[PDB]
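S.K.: Per the numbering used here, the first sequence starts with residue 237, numbered consecutively. Below is a structure I'd like to ask you about.
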Amino acid sequence: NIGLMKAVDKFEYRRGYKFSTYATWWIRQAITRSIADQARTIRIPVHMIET
DNA sequence: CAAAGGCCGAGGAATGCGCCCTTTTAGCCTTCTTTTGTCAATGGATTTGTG
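Below, the structure written as structure tokens:
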């Protein structure tokens, strides 16, 4: 929901794409950073988790 | 006039999961100035030598 608020703040309909097609990016990024930041007890940085 | 079936939705495992790029932040790594511990001199005030 936080990520979706962020995407809603950035949506421009001048292009004509669906809102889903844009906001899905910010939503999935928000959720992924959330899991990578606050899911392990010992916090691994995000790039190391990608590795 | 009902039945089969095509459709949609409400609910779950999981073989499920970002990338490329800019920008700050930590920390290690060298270089230098200063406080500190050390070696040698160099007299100088008790300790002993003397009769």
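Ideal Cβ positions, reconstructed from N, Cα and C, are used throughout, including at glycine.
Below 7 Å CB to CB, which residues in the same chain sit around residue 255 once its five sequence neighbours on both sides are set aside?
M.R.: Excluding positions up to five away in sequence, the list reads 247.
S.K.: With respect to the alpha helix (DSSP H) encompassing residue 266, which residues constitute its N-terminal and C-terminal limits?
M.R.: Counting along the chain, the alpha helix (DSSP H) containing residue 266 begins and ends at 255 to 274.
S.K.: Residue 269 to residue 238, Cα distance in whole Å?
M.R.: Their Cα atoms are separated by approximately 12 Å.
S.K.: Whole-angstrom Cβ separation of residue 272 and residue 282, contact assumed at under 8 Å?
M.R.: Right, their Cβ atoms sit about 5 Å apart.
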